[PDB]
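Next up: just one chain, as structure tokens, the form deposited in one PDB entry.
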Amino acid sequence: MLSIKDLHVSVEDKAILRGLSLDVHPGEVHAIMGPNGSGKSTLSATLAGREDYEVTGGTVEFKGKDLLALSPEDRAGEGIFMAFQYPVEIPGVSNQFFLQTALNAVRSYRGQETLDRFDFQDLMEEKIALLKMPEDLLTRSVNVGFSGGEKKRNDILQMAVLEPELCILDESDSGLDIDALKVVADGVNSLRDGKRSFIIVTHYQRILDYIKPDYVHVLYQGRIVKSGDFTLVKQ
């Protein structure tokens, strides 16, 4: 479903990424590793549609459409979701209003329709339970008063609700613990239908113990210098 080819991207005037190629097929879990400054979070930012990232070469296309020409909301409509490394607080906007508006948006974009409130909050209850969220989540302003763990799990809940085709975790395992990680793992894993694919950009690799990658890739000075299966070890 996803094909990225010879990607030269630069912010700052950076040399961030000089030629990266990755091809992802439906039903696959890919892990992405490396040291900081390799550009992995830039990879995520470029896929998500962050504005200040200049693409100086190559292309990224998703199901045969050029992704790089699409706005963030359109890339989301196409089924790309990103779990943020630092989920944003949006005071004054309830989780319910947010998730419902987004859901209606992507249902519309996909030519499908639409959740009755009755069923929508059943879905919500199910996902709240699944990720062990506060039961009042719907009426609380998004991520306000949440710890890092709660924000991470919240974004995974969003992932569960909006039903994306390609899910990217962008250093989303940061600052979590063994079993907050079991929880996000449960949430992510409950989403494997053999259709969806997952790109895990790792802060550190223990996440891959609870979400096991079918493939593993390693970044250096932006570039993929290694690939393999679940089994890869260091030093």
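By rigid core we mean the largest C-alpha set that fits within 1.5 Å across both forms. From 1 onward, residues are counted along the sequence shown.
One more form of this protein should be noted, the form deposited in another entry, which is absent from this view; the next part is about it.
In the core-superposed comparison between this form and the one not shown, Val184 has its Cα shifted by at least 2 Å. Annotation for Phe146: C-alpha shift of 2 angstroms or more between this form and the one not shown, rigid core superposed. Relative to the superposed core, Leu157 shifts its CA atom by less than 2 Å between this form and the one not shown.
Relative to the displayed conformation, the Cα-Cα distance from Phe84 to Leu99 shrinks by 3 Å or more in that other deposited form.
Put simply, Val184 and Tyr220 come closer in that other deposited form: their C-alpha atoms are 3 Å or more nearer than in the form shown.
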